[PDB]
Amino acid sequence: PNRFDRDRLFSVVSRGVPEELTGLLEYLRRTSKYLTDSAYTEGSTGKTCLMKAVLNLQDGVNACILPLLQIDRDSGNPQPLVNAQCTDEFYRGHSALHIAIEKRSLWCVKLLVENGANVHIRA
C-alpha cells in the first residue's frame, strides 16, 4: 500500500471511498515526488486523477475529493493540480474547472474555487 500507481489510484478515486488513501503522503515524501507528476496522469492527453474523480460522481457526491485536495496542497508543486490542464490538441487549455462546470454541479465548483484556481484560464 506504499507504492502508488496511476491505475490503482484511479480505481480508488473512482469508487469514492477515501479510507484507502492512507499512504499517499508517505509515498510522496519518500520518493520525493508530487501528485502532478507524469506517473499519475495520462501521458497522452494530460488527464489527471482529479479529472477522473470529478467525471464520476455518485448522485452528485464524491467524498474522496477533499482528502485528495488537502493532501495535494500539503505536498505538491506550486500548482495543486487545479491549474493543470489537458495538453492534447483536442482539449488544449481544458482545465478541471470546465470539466466540473459541464455536469451542471455547484459543490465541486465551490470546493475548486475555495482551494484556489484560475477561473480566467481558457480552453
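Residues numbered from 1 in each chain as written, not as in the entry; some residues may be left out. Part of a larger assembly, values for the part shown. Heavy atoms only, no water.

Structure determination for this entry is recorded as cryo-EM, at 2.83 Å resolution.

Peer 1: Can you lay out the packing of helix 4 (residues 65-74) against helix 6 (residues 107-115) for me, pointing to particular residues and giving the numbers?
Peer 2: At their nearest, the axes of helix 4 and helix 6 sit 12 Å apart, and the two run at 10° to each other. Considered as vectors, helix 4 and helix 6 are oriented roughly parallel to each other. For the pair helix 4 and helix 6, contact is made by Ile-65, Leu-66 and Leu-69 and by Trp-107, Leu-111 and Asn-115, respectively. For the contact of helix 4 with helix 6, the class distribution of residues is 5 nonpolar, 1 polar and no charged. (Axes fitted to C-alpha atoms, helices over the stretch in contact; angles between N-to-C directions. Helix = DSSP H or I, 4+ residues; strand = E, 2+ residues; numbered from the N terminus. Parallel < 35°, antiparallel > 145°, perpendicular 65-115°, else oblique. Contact = heavy atoms within 4.5 Å. Nonpolar A, V, L, I, M, F, W, Y, C, P; charged D, E, K, R; others polar.)

Peer 1: Kindly report on the packing of aromatic side chains, identifying the contributing residues and their values.
Peer 2: Here the structure, examined in full by the defined rule, presents 2 aromatic pairs. Aromatic pair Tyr-27 and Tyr-40: ring centres 6.1 Å apart, planes at 80°, arrangement edge-to-face. In this pair, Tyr-27 sits in helix 2 (residues 24-31) while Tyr-40 sits in the loop between helix 2 and helix 3 (49-55), placing the two residues 13 residues apart along the sequence. Each member of the pair, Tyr-27 as well as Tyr-40, carries the same accessibility label: buried. If you follow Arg-8 out to its NZ or CZ, it ends over the ring of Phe-4, 3.6 Å from the centre. (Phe/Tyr/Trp six-rings, centres within 6.5 Å; stacked < 30°, edge-to-face > 60°. Buried < 20%, exposed > 50% of the residue type's maximum accessible area, 1.4 Å probe, protein only. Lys NZ or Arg CZ within 6 Å of the ring centre and 35° of its normal.)

Peer 1: Tell me about the pattern of salt bridges, and please be specific about residues and values.
Peer 2: As enumerated under the stated definition, the model contains 3 salt bridges in all. Where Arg-73 meets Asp-74, a salt bridge forms, and the shortest distance between an N and an O atom there is 3.2 Å. Assessed through its relative accessible area of 58%, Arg-73 is described here as exposed. Residue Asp-74 is classed as partly exposed on the basis of its relative accessible area of 40%. With a closest N to O distance of 3.8 Å, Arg-92 and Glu-89 form a salt bridge. (Salt bridge = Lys/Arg side-chain N within 4 Å of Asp/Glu carboxyl O.)

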